[PDB]
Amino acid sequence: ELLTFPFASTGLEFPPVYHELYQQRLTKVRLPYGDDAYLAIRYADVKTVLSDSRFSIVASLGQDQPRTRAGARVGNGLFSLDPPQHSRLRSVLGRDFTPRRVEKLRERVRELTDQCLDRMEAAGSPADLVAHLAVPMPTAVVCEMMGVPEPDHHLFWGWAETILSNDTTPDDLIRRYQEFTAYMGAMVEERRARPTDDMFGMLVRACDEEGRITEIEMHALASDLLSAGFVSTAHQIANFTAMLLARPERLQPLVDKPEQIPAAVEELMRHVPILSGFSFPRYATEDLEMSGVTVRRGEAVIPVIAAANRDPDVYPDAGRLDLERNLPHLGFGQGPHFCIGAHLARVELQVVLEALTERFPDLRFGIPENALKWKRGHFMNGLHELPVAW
């Protein structure tokens, strides 16, 4: 009988069972759904799973995907493909997410952040940082990039939640798909009649004018970006703020030394266990060795990125949040599926800390920290609410 995964923990806890496993051979676990899998936890092994071509993201051998969600994760977008099919589809978005394009969005990201903090301050201390900033700012940023109007934001929140809830069924997923495809269908029509200079329009051109992708792939790319592109940073904005506010000096190191904000963001990315479960398993495509075990063809290995980011040999005193630490974390993944949004996410999180430190240097929890309400059945770790006071 096998060890169950994911492991017990609450909030942003990193549980001690990892300290035991780092010292042992690769371990097989049973998951909430699908087949058993091995647990890659060493930094080098997680990197291997995510970037070696002997690890496929596609269950091409009849596997039942190891997962935390009742309905298997399947579709026609970026997580459904290996190179080189993956690489050809991504390259349609590629140019829109390089550092040279994303650095152009700093001003806008700050403008929205400032508008969020204006409404939060207007509401009065103590106020929920989740509802006033973590949710609205990242939603606006990607919805404006794509071309979705503010009145429609709530629809994408709903669709993204269904993907990210562990009690979602195949039927729940069929409903999301029908709702979403209808909505994108309207957007595709609108832009065929009236083209626009946004990301929907870019995909509509790539489908219709240059024949680079098909309609199903244009829909899939849109779906991936609007599913991944804002619930992510939302959770992280509140997780990062909560980590800072739980330390005795709170925001003061970054008030005093604003230039260290990019480094803090990186350390927080390394430290925060953002996933409550785990991402896509990969499947070995030939027999290979990993941490003393022969992984046979077809068997699954889960890349545990939170465990990689606390590898005891890569990161001395890995549990310590040291905003000045300086090896590259796996918090945006690695290899082919490394986060297309990574630079946008860095920009959003940097800007948020700039805004928070410049405007509320004495930010503090607005409730006792033991009263913090951490989410329970979500794909990600985070707060239902984050009351802050100034």
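One-based numbering along the sequence shown.
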Original post:
How much of the deposited sequence is absent from the coordinates between residue 53 and residue 54: none, 1 to 3, 4 to 9, or 10 or more residues?
Top reply: none
Original post:
If you average the Cα B factors in the entry, which is higher, 114 to 122 or 202 to 210?
Top reply: 202 to 210
Original post:
Do the CA atoms of 13 to 21 or those of 374 to 382 have the higher mean B-factor in the entry?
Top reply: 374 to 382
**OP:** Determine which member of 224, 217, 150, 266 has the highest CA B-factor, using the values in the deposited entry.
**Re:** 150
**OP:** Kindly indicate the residue among 146, 228, 295, 302 with the greatest C-alpha B-factor in the PDB record.
**Re:** 146
**OP:** Within this chain's modelled residues, let me know which third the CA B factor of residue 91 belongs to: lowest, middle or highest.
**Re:** highest
Original post:
Which third of the chain does residue 326 land in by C-alpha B-factor: lowest, middle or highest?
Top reply: highest
**OP:** State the tercile, meaning the lowest, middle or highest third, of residue 159 with respect to the CA B-factors recorded for its chain.
**Re:** middle
Subject >> Entry-reported Cα temperature factor of residue 66, expressed as the chain third it lands in >> reply: middle
**OP:** Place residue 309 in the lowest, middle or highest third of its chain's C-alpha B-factors, as listed in the PDB entry.
**Re:** lowest
